[PDB]
Amino acid sequence: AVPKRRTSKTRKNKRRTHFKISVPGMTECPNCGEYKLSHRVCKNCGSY
Amino acid sequence: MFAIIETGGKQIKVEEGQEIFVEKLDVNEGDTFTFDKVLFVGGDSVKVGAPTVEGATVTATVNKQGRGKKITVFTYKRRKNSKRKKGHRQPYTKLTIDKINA
Amino acid sequence: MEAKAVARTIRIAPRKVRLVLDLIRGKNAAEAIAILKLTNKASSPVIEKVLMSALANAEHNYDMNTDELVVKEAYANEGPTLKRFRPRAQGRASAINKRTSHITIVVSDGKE
Amino acid sequence: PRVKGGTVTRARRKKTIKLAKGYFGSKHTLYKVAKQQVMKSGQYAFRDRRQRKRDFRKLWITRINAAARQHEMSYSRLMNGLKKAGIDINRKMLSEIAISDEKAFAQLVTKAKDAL
Amino acid sequence: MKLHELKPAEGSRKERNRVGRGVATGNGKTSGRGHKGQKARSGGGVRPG
Amino acid sequence: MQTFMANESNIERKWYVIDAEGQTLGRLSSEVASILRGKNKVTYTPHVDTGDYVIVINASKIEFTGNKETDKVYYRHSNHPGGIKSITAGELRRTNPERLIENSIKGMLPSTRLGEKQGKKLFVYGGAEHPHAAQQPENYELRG
RNA sequence: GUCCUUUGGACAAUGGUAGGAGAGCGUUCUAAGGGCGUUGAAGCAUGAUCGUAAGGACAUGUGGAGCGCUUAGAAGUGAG
RNA sequence: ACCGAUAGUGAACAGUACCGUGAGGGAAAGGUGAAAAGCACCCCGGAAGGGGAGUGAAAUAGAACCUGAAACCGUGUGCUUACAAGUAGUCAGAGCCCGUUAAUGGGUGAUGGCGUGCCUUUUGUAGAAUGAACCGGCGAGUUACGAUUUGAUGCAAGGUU
């Protein structure tokens with residue numbers, strides 16, 4: 001119910017290994033455009 | 001080609017033209033020290049000195065009388081309030097071999 | 001040649017800004033601007049304004065190009081913290097920290 | 001007059017923190033834990049300066065014993081034979097010769113052997 | 001005698017003992033008193049006689 | 001003076017063949033463990049791996065003394081409640097005798113990571129036939 | 001320490017809690033004498049230096065006006 | 001031979017903010033520069049903030065303004081790490097990277113040996129007995145008057161106000 005010892009820098013930064021943001025897609029927009037959220041309805045600088 | 005000499009309280013394997021470090025000798029820098037106690041001669045003809053080789057001198061030239069790397073001696077006892085701290089540097093003499101005799 | 005920009009006292013917790021700065025680091029500028037428009041995070045617009053300010057410095061202050069530019073450095077530093085309190089149940093209080101950050105990027109040329 | 005507890009405290013604490021350099025995590029950064037590790041390691045070094053002597057003697061004896069079984073003899077019997085021949089050479093010396101010049105070591109083995 | 005170089009007679013002044021100032025002095029932690037009881041206490045001891 | 005060979009680094013490992021027919025398990029085991037360990041080389045240092053490869057091929061003419069066959073149970077636990085298993089010496093020698101020999105070699109080696117590596121220089125075969133002719137293996141005879 | 005005392009050749013000795021005895025290291029302030037400092041004081045940071053210990057220097061960077069040493073004296077004189 | 005901003009008055013800017021029905025209790029908080037010359041102007045921006053340029057001996061002296069330690073949080077990089085069992089050090093020791101108060105040089109470290117923190121209290125504590133989250137400051141044999149016993153110094157059948 002309470003932590004028995006404190007958490008160290010090594011252990012806390014190991015736990016944060018997967019606490020990441022996913023890279024958004026990076027596909028070329030097909031009709032016209034540039035790299036984007038893949039297979040999107042992409043309108044940002046494009047016409048998907 | 002190599003010889004065994006007994007100097008200080010220790011024994012050292014030596015060859016013509018190498019540098020050695022021994023316990024302090026009474027000599028000054030520049031001088032030539034000569035070792036008596038030779039135990040083994042590893043040449044083309046091998047001489048074994050079970051006591052001594054009876055002859056067998058090794059010549060060397062003194063250079064750099066010096067005092068060694070410093071170590072801190074520290075000891076303590078746990079729940080007793082006693083600890084001791086002191087420093088030590090050990091003296092040495094530096095030599096280069098020129099002669100191995102027999 | 002390098003150019004930079006800084007944003008000081010951005011009232012967002014640095015641990016949250018750093019999570020979006022890891023997507024644009026070491027990328028070239030157009031790539032980075034495009035990435036900062038598709039990720040939905042509260043700090044994306046602020047970071048994107050600092051990147052435009054840095055890009056603008058590199059072509060007015062040092063009068064060089066803008067397509068041959070790469071994000072050399074991006075980091076967040078801590079600012080000063082504001083101290084607050086919530087009231088909790090048994091008539092007793094607890095602390096709230098309102099953390100801030102300092103934002104820097106540097107856009108580089110790859111050369112002198 | 002009044003003294004302040006000024007610049008002396010940091011100097012004394014900073015010596016210990018520098019002397020804890022290379023330790024793991026808090027061990028090389030925080031004074032109370034660094035002080036404990038730096039006094040613990042000083043007591044290790046005393047014990048281990050004593051232990052080097054016996055560790056190298058153990059290694060020399062085992063290498064001479066390896067060299068002795070090659071010439072069909074045991075370490076204990078060899079050293080006894082050398083004592084009876086009077087040979088004054090040393091465990092460390094006996095290993096260094098047995099590694100560099102096997103032909104000098106073989107003559108020692110024969111004299112140690114017919115001394116018996 | 002000059003006023004910048006002056007010394008007392010040999011053996012005429014000593015320094016005072018200062019207890020409670022670490023362990024190498026010999027009378028740190030308990031400061032000469034031992035461990036417990038009435039004579040380890042501040043203002044303690046007993047009346048003469 | 002430090003005049004002392006230690007740096008075994010860049011050693012030369014060889015390849016050996018011992019046969020198990022009509023030997024005692026423990027005595028063969030201890031001599032082989034010594035060879036794998038490197039205790040027989042005038043150049044020996046405990047922190048680097050000297051020592052060399054040993055091939056045991058008959059592993060079926062192993063000899064026990066006394067009533068070892070029915071006694072000498074082997075045990076293992078699976079960390080699952082009540083999960084103790086067992087097998088007696090004779091039927092372990094009768095099915096998978098290679099395990100019988102290599103277990104008792106590896107129990108005679110240090111349990112460090114270097115020691116568990118030195119146990120990987122061991123190859124055991126039931127029957128007098130092995131595949132290692134490209135290594136050019138030499139016969140070694142138990143010098144008890 | 002010991003004693004022939006050539007204080008060196010030896011005869012030695014040298015684990016330690018309550019606790020007794022001795023000798024020292026640093027801090028702030030005062031007197032006297034000599035010093036240093038915008039061509040850069042104190043403080044801060046780094047170094048592979050010195051002393052038997054507490055501790056002392058010097059070089060470099062930062063800092064921008066004060067501060068050492070020698071002999072003596074007096075204490076709000078040392079923290080895990 | 002008093003203190004120098006946790007000191008010295010509670011109070012260097014207050015019997016105030018605040019707390020209490022009331023009697024009453026009671027803080028934290030000094031420092032740009034010699035002189036405001038306290039940043040005209042352009043660029044990004046809604047702004048804040050920044051980049052140049054300028055003033056200055058000096059703007060990492062820009063008002064959160066003398067210096068600016070540590071805990072704590074980051075960015076980069078030389079060596080090392082995904083078969084491994086641990087008070088994390090010490091002694092030995094390859095391989096790789098360096099070059100100093102140049103000296104029996106520095107950084108990191110495959111692999112081997114040995115090794116149950118500190119303080120307090122106890123016959124006896126790794127203890128599953130106490131205490132400490134970490135770092136910084138502050139925090140405990142003193143003075144006055146008497147008495148006894150040592151050391152020093154002057155005079156001595158006297159010595160001292």
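So you know, we letter chains A, B, ... as the sequences are listed, proteins then strands, and number each from 1.
- Sugar conformation, G/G9: north. The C1'-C2'-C3'-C4' torsion carries a positive sign.
- Judged by the 3.5 Å cutoff on both pairing distances, G/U30 and G/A72 qualify as a Watson-Crick or G-U wobble pair.
- A search for side-chain hydrogen bond (donor to acceptor under 3.5 Å, both in side chains) contacts involving B/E19 returns B/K94, not counting sequence neighbours.
- Judged by ring-centre distance under 5.5 Å and interplanar angle under 30°, strand neighbours G/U27 and G/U28 are stacked.
- The listed nucleotides are H/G51, H/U121, H/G49; the one nearest the side chain of C/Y62 is H/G51.
- Judged by the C1'-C2'-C3'-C4' torsion, which is positive here, the sugar of G/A57 sits on the north, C3'-endo side.
- Anti is the conformation of H/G127, whose glycosidic angle sits further than 90° from 0.
- In this step of the strand, H/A85 does not stack on H/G86, since the centres of their six-membered base rings are not under 5.5 Å apart with ring planes meeting at under 30°.
- Geometrically, C/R15 engages A/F19 in a cation-pi contact, judged by NZ or CZ lying under 6.0 Å from the ring centre and within 45° of the ring axis.
- Computed from coordinates, the F/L114 CG to H/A84 P distance equals 11 Å when rounded to whole Å.
- Between G/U60 and G/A45, a Watson-Crick or G-U wobble pair is formed, both defining distances falling under 3.5 Å.
- As a whole-Å value, the separation of E/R13 CZ from G/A75 P is 11 Å.
- Groove contact for D/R47: minor groove, with a side-chain heavy atom under 5.0 Å from a purine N3, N2 or pyrimidine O2 atom.
- Distances shown here put a side-chain N or O of A/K12 below 4.0 Å from the OP1 or OP2 atom of H/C73.
- Between D/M93 and F/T3 the shortest side-chain heavy-atom distance falls below 4.5 Å.
- Listed pair D/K18 / G/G47 meets the phosphate criterion, a side-chain N or O lying under 4.0 Å from OP1 or OP2.
- Rounded to an integer number of Å, the gap from B/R79 CZ to H/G127 P is 6 Å.
- Here G/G35 sits opposite G/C67 as a true base pair, Watson-Crick or G-U wobble, both distances under 3.5 Å.
- Nucleotide H/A40 carries an anti base; the chi torsion (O4'-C1'-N9-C4 or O4'-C1'-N1-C2) is more than 90° from 0.
- Phosphate contact (OP1/OP2 of H/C118, side-chain N/O of B/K83, threshold under 4.0 Å): absent.
- Using a 4.0 Å cut-off between a side-chain N of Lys or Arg and a carboxylate O of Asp or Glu, F/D49 and F/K121 qualify as a salt bridge.
- Pairing for H/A53 is absent, with no Watson-Crick or G-U wobble pair whose two atom distances lie under 3.5 Å.
- On the basis of its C1'-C2'-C3'-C4' angle being negative, H/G141 carries a south sugar.
- Of the candidate nucleotides H/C2, H/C44, G/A32, H/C2 has the atom nearest to the side chain of D/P1.
- The residue among C/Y75 and C/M52 whose nearest nucleotide of RNA chain H lies closer to the 5′ end is C/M52.
- Nearest-nucleotide positions on RNA chain H for C/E59 and C/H102 put C/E59 closer to the 5' end.
- F/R113 has no side-chain polar atom (N or O) that falls below the 4.0 Å cut-off from OP1 or OP2 of H/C83.
- By the 6.0 Å and 45° rule, D/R63 does not stack over the aromatic ring of F/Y44.
- Summarising the geometry, the separation between CD on F/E8 and P on H/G112 is reported as 16 Å, rounded to the nearest angstrom.
- Regarding F/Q118, its CD atom lies at a distance of 18 Å from the P atom of H/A110, rounded to whole Å.
- G/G55 and G/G80 are spaced 12 Å apart, taking the P atom of each and rounding to whole Å.
- Under the Watson-Crick and G-U wobble criteria, each requiring two contacts below 3.5 Å, nucleotide G/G19 is left unpaired.
- One finds no side-chain N or O of E/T30 lying less than 4.0 angstrom from the OP1 or OP2 phosphate oxygen of G/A18.
- Residue D/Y31 places no side-chain N or O under 4.0 Å from the OP1 or OP2 atom of H/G136.
- Note on D/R50: every side-chain N or O is 4.0 Å or more away from OP1 and OP2 of H/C91.
- Nearest nucleotide to the D/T7 side chain, out of G/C44, H/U121, H/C2: G/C44.
- The pentose of G/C58 is categorized as north (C3'-endo side) on the basis of a positive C1'-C2'-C3'-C4' torsion.
- D/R49 and D/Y44 are not linked by any side-chain donor-acceptor pair at a separation below 3.5 angstrom, with hydrogens and angles left out of the test.
- For the 3.5 Å distance criterion, the side chains of C/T66 and C/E59 fail to qualify, holding no donor opposite an acceptor.
- Taking 90° from 0 as the syn/anti boundary, the base of G/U17 is oriented syn.
- Counting non-hydrogen atoms under 4.0 angstrom, D/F24 reaches the backbone sugars and phosphates but no base.
- A positive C1'-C2'-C3'-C4' dihedral is found for the sugar of H/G26, placing it in the north range.
- The NZ-P distance, from D/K32 to H/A133, rounds to 9 Å in whole Å.
- Remark: ring of D/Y44 does not overlap the six-membered base ring of H/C91 in a stacked fashion, as centroids less than 5.5 Å apart with planes less than 30° apart are not both met.
- When distances are taken from the side chain of B/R78 to each of G/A54, H/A152, H/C118, the shortest belongs to H/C118.
- When only modelled atom types and interatomic distance are considered, D/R47 and D/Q43 share no side-chain donor-acceptor pair under 3.5 Å.
- A gap of 24 Å separates the P atoms of H/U6 and G/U27, to the nearest Å.
- Look at CD on D/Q43: it is 17 Å from P on H/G89, rounded to the nearest Å.
- Looking at the side chain of D/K14, the nearest of the listed nucleotides H/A84, H/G50, G/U46 is G/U46.
- Under the Watson-Crick or G-U wobble criterion, with both distances below 3.5 Å, H/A27 has no partner in any strand shown.
- Residues passing the side-chain hydrogen bond (donor to acceptor under 3.5 Å, both in side chains) test with F/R99, sequence neighbours excluded: none.
- With rounding to whole Å, C/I105 atom CD1 is found 14 Å from H/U75 atom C1'.
- Aromatic rings of B/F74 and D/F46 (six-membered ring for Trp) have centroids beyond the 6.0 Å cut-off, not under it.
- Using a 4.0 Å cut-off between charged side-chain N and carboxylate O, C/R99 and C/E78 make no salt bridge.
- Neither OP1 nor OP2 of H/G141 sits under 4.0 Å from any side-chain N or O of E/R18.
- Using the Watson-Crick or G-U wobble rule with both distances under 3.5 Å, H/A17 pairs with nothing in any strand shown.
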Atom pairs under 3.5 Å, N or O on each side, protein against nucleotides 137-140 of chain H: can you list them with distances?
unit_1: H/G137; atom_1: OP2; unit_2: D/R13; atom_2: NH1; d: 3.1
unit_1: H/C138; atom_1: OP1; unit_2: D/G5; atom_2: N; d: 3.3

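- Side-chain atoms of D/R12 lie closest to G/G80 of the nucleotides G/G80, H/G141, H/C135.
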